[PDB]
């Protein structure tokens, strides 16, 4: 019964042209090793009941793009920079013939149904001066409910930058609607290339791949698992029982459970699970762009790869607390390393070390590399555009194998959005330790 109809599609440019001194935004070496993907997130909001809501959202987006000007530009391959030509972000307006309260419940069980809310007019990412850096689709449901979907290029921005863009846009809309007294507008800079410029990394970066890993006829599907508060507490007690780690976190236990299931499904004896660690709040340098860590935008993170090595132990002897302790050791070692670095170039060198480790693991017939992105303890459910908090926030169906960790609307549960090959997923969802949490 549900039909989505695109009503408009255009380019939304920043309210004011980008100044001449900012038209070239040079990218960093972090951006060079950033995954060249466009990554989606979608927020669902209940009915505004504001009559000019579409116009005011377009206007607040233009004003936000004034500050996030590189997002309105186009990537140039030769110099590895962003020509901030104000070509604009892709803006899709659609209308769906059903209320929002007859979709979210269905979508939580079958994420595929969100595909008609995600725009894909995008072209080639690294290359293609014609590919827009940001794509937005606003799908208005039958009685005013809103699906805001953002498709952002990881070469220009990381999770922190996407969140800052979202926060600024929502704050601008909220001020435009309810009075400007509710302002929290702090500047963003985009100038980290001063300290780590893009460079030739033929001497710095591991390249790799191998055939048994390169079985490509994969059909990636996505499933949603909800790890509720009571289940997380049970897992925490099951781990503390061992007391080989103290105070396990929600993310630690949920990632350990998912990782054990992935290892049991893997058919390979060793595994490498890597997430992202944001360099911003965890270092002490203050050379110009790092005077204000929370104002700097662009990729500023390191990969954190935890290597489970199955030697002469069986997969049957795998226990939660060992995965927790491996994750904890790797994170602690990375934090200790970050404490002792003097320049931002050294933190790029640490990120490159971890990148090389991940490539070496990708290149082994014995290691299954699994990507994890945790968005938990990020205030996604407090991003307010001026009429209410999000009803739901998730990541739509991915085309690559990945696991996203999100907070639930309230409480301390975790939504795990797992994307993997269908042949693997059909057994994975029936793992007895996680099958009770699958929305299915």
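Residue numbers count along the first chain shown, from 1.
- On average the C-alpha atoms of 273-281 have higher B-factors than those of the other stretch, with 273-281 and 84-92 being the two compared.
- Set 325-333 against 245-253 and average the Cα temperature factors; 245-253 ends up higher.
- Highest CA B-factor among the listed residues (218, 161, 174, 137): 218.
- Looking at 116, 168, 191, 102, the one whose CA carries the top B-factor in the deposited record is 191.
- The deposited CA B-factor of residue 73 belongs to the middle third of values across its chain.
- In this PDB entry, the Cα temperature factor of residue 267 sits in the middle third of its chain's modelled residues.
- For residue 394, the recorded CA B-factor ranks within the lowest third of the chain. Only modelled residues enter the ranking.
- Among the modelled residues of its chain, residue 62 has a C-alpha B-factor that falls in the lowest third according to the deposited record.
- Among the modelled residues of its chain, residue 13 has a C-alpha B-factor that falls in the middle third, as given in the PDB entry.
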